[PDB]
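Chains as they are written, first to last, in the entry's author numbering: chain Sf, 82 to 152; chain SU, 68 to 119; chain SD, 115 to 227. Even for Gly, the Cβ is constructed at its ideal location relative to N, Cα and C. Take a look at the structure set out below.
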Amino acid sequence: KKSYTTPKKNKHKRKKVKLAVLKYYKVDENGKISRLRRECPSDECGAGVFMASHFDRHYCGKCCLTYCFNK
Amino acid sequence: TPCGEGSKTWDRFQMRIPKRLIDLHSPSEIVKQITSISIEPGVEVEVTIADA
Amino acid sequence: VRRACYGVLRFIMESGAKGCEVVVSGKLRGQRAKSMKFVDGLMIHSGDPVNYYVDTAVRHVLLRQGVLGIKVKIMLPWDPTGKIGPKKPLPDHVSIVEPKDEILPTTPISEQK
RNA sequence: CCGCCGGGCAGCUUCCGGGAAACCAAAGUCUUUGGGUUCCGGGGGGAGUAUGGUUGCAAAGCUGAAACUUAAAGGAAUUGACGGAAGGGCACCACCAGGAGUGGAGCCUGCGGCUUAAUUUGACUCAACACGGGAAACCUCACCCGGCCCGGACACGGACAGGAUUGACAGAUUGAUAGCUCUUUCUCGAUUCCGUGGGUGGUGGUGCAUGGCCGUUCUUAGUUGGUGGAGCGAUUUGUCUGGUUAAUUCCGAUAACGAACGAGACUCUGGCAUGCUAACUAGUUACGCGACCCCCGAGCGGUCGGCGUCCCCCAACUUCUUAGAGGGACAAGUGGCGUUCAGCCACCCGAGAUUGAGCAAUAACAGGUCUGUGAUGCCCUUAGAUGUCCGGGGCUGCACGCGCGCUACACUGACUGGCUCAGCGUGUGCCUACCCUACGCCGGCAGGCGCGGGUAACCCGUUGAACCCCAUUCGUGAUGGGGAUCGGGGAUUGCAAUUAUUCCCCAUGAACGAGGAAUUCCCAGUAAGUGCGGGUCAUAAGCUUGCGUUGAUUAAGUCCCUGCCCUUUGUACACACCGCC
Ligand SMILES: [Mg+2]
Ligand SMILES: [Mg+2]
Ligand SMILES: [Mg+2]
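See the structure below:
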């Protein structure tokens, strides 16, 4: 038939990052939780919904996985 | 032929469907007697009420 | 194949058939395909007649090797007595009912009733 | 002439008896082994060679090895099968006698090739080539340039929580508002993820691993058994000289008699049925004509010819329409011809014995088909997946080659008025989003925009067609035929037409003035033309399959070519002459 050469750029299958994720939660002295950064406008993602700094991206993850913006 | 080849022979699949119809004037007995009797094989029966 | 299809063919005749046949096409203890055909009695092989008289039946069979075809094709002797066997005659076949009586030339005579 | 007899040349016939068999009064008398005696063979070639001897004037004659190689060579008969053998018979995929073409041009699309990343691909004489229903933008589609997606069943293992990552609204990007991925993180929450085995598909592979289905040898006449009879027995007759027949179909001769499958009979179909049963989902018919009715027309007026309607109907009926039961047509009569049988031929009455398909045996064939099949053997492949797709692309590409089509070449015709005759279908409202269309306006037209009937014999729809038919131009000019190739617009289908989608409107305006070598098609409502349906369809056909319509010429026989059947025969062929050598 042919036998596939492939231009030597074997594309990455990627991990979605490891991440413990939930350590960064400011417990100021007694039990109370609220940090500030950027926010999403969705309903299931109600006010707590939380954002970022990447090489750009930022995303919100709380209408289960329904609804990540474009920034 | 399934698939291509051989000298081109086709079949000529036919089904007929003759319609008879019979007008009448009766009550709701003579209709419900005459229709329910004389059924059985592959026969479809319609029953129009009146005129249209 | 052998002992089985006889067991069938034996049966279907003994049951009460005008005739019958069985075909077991397909590979049969060899890399090559054979085709086997054990036949018995009478069988018409053309006409409209065929359509309401023979009882054709194809069935595959999927085996630990590959695939054979069965074809059973029985001939119905409802020609003798369906009850009113459809048409009954194979159209070739005419049954002339015989003189039965036709006795006596004799001298004339008469009678009264 | 008629006999006999010896010894000669010969013949037929036979269960002597022989004989592998063919055959043989003798090849008889042979495992029941020997009457006398002469010669001579021991697988085939090498080889009747080498060498030796001898004879010969010599050709040569006579005598006459081996190494080596070799598995059969051979003989008799059997079926085959092929003869540039023979009789018989037959097919318009054969010819004759023709027409139509075809093969020439342009165009269409079928293949070949080249080219091309890609022009996936099956199909290779016939029985591959508008064929795979194969008219493809996207799907199709598999294939390439990419690129996404996972739909990894299942189990077996691994993962309780500082939540296994189920599933993520603005940007980097990317094609994509693909969290498919590079931080952020906010939820479903026992799913998840990672191994292992194992699948699961695959329009992957293999049709010489198969089922079915198909194609065909081949709508050709053939094939088979029971009993007899023949052969030790494979086998053979029955199963055939001849006449016949579309047809081992029949009769008869007849060691065969009577049977079975194919043919035939059958089914569907197609035509005669003022014969029947009927029919507002036919027609209706003609009425009765009761009318409207306008001079629609005739006619002063009575009266009439006539479309339309006013119908309805409680007319009447089946004249055509429809579809049920029926009948008939059956070489049935007569005259030839004929073995005076089987039939054939002519004529009568009348459809003269044949209107046309489907069904189609034994037995075949690496025919074709794995890409019609959730039929599938095995093989591959199996996540980066040949799993399924999105986007695009290709399947359409072009110096050449062939294959089926259409349109022409014109004036028995071209375009310009007009008249006017169907049939088989088909249609909505359908398995997942979708028709058939009547009648209003608008627009030239494509079309557009209005509105109406339609499980239909009602609505489309007296299906209002083309040829055809009739009314004017034209004048034999590559012209007004022809009508390709491009310029430009405008509609429509489609989310999208670039790769002119399809259509219209303009505009350009080609070769072809009858086709070189070949070769298929067929006999009666036949060829041809001619539209029209159906199928293919969102869009849509130059494709087929049906349907009428207009409708010819000519064969009505022969085997002259090609190819088929039987019989006899020959055959070193049995991968069957496309052989063997
Ligand atoms: Mg001897
Ligand atoms: Mg001896
Ligand atoms: Mg020897």
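Using C-beta distances below 6 Å, list every residue in its chain close to residue i, excluding the 5 sequence neighbours before and after it, in chain order.
| i | result |
| --- | --- |
| residue 228 of chain SD | Past the edges of chain SD, shown from 115 to 227, lies residue 228 of chain SD, and the structure says nothing about it. |
| SD:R173 | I184 |
| Sf:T86 | none |
| Sf:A133 | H139 |
| SD:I223 | none |
Quick one: residues in its chain with C-beta nearer than 8 Å to the C-beta of residue i, no 5 flanking neighbours on either side, listed in chain order?
| i | result |
| --- | --- |
| Sf:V108 | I114 |
| Sf:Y106 | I114 and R116 |
| Sf:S123 | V130, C141, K143, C144 and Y148 |
| SU:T76 | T68 |
Considering only C-alpha positions, which residue in the set the options is nearest to residue i?
| i | options | result |
| --- | --- | --- |
| SU:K86 | SU:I97, SU:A117 and SU:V112 | SU:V112 |
| SD:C119 | SD:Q145, SD:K151, SD:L204 and SD:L177 | SD:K151 |
| Sf:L103 | Sf:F150, Sf:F131 and Sf:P88 | Sf:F131 |
| SD:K202 | SD:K227, SD:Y166, SD:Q179 and SD:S224 | SD:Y166 |
| SU:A119 | SU:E107, SU:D90, SU:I106 and SU:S95 | SU:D90 |
| SD:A147 | SD:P222, SD:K197, SD:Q179 and SD:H159 | SD:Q179 |
| residue 228 of chain SD | SD:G144, SD:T220 and SD:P200 | Chain SD is shown from 115 up to 227; residue 228 of chain SD falls before or after that span and cannot be answered. |
| SD:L142 | SD:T170, SD:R116 and SD:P222 | SD:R116 |
| Sf:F136 | Sf:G142, Sf:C121, Sf:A128 and Sf:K152 | Sf:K152 |
| Sf:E120 | Sf:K143, Sf:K92, Sf:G112 and Sf:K82 | Sf:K143 |
| SD:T195 | SD:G121, SD:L177 and SD:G130 | SD:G130 |
| SD:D162 | SD:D206, SD:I126 and SD:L177 | SD:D206 |
| SU:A117 | SU:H92, SU:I84 and SU:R79 | SU:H92 |
Enumerate in chain order the residues of its own chain whose CB-to-CB distance from residue i is below 7 Å, with the five nearest sequence positions on each side excluded.
| i | result |
| --- | --- |
| SU:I101 | none |
| SD:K132 | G155, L156, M189, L190, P191 and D193 |
| Sf:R118 | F131, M132 and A133 |
| SD:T170 | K187 |
| SD:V153 | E135 |
Any idea what DSSP makes of residue i, helix, strand or coil?
| i | result |
| --- | --- |
| Sf:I114 | coil |
| SD:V164 | helix |
| SD:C134 | strand |
| SD:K151 | strand |
| Sf:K82 | coil |
| SD:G140 | strand |
| SU:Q81 | coil |
| SU:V114 | coil |
| SU:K99 | helix |
| SD:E216 | coil |
| SU:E72 | coil |
| SD:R124 | helix |
| SU:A119 | coil |
| SD:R116 | helix |
Confirm, please, whether the CB-CB distance from residue j to residue i is below 9 Å.
| i | j | result |
| --- | --- | --- |
| SD:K187 | SD:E128 | no |
| Sf:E125 | Sf:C145 | yes |
| SD:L123 | SD:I158 | no |
| SU:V110 | SU:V98 | no |
Continuous beta strand (DSSP E) assignments of at least 3 residues falling wholly in the stretch 169-212 of chain SD:
Unbroken beta strand (DSSP E) runs of no fewer than 3 residues, entirely contained in the stretch 169-212 of chain SD, are found at 181-189, following chain order.
Which full runs of the alpha helix (DSSP H) of 4+ residues lie inside the stretch 114-147 of chain Sf, going along the chain?
none
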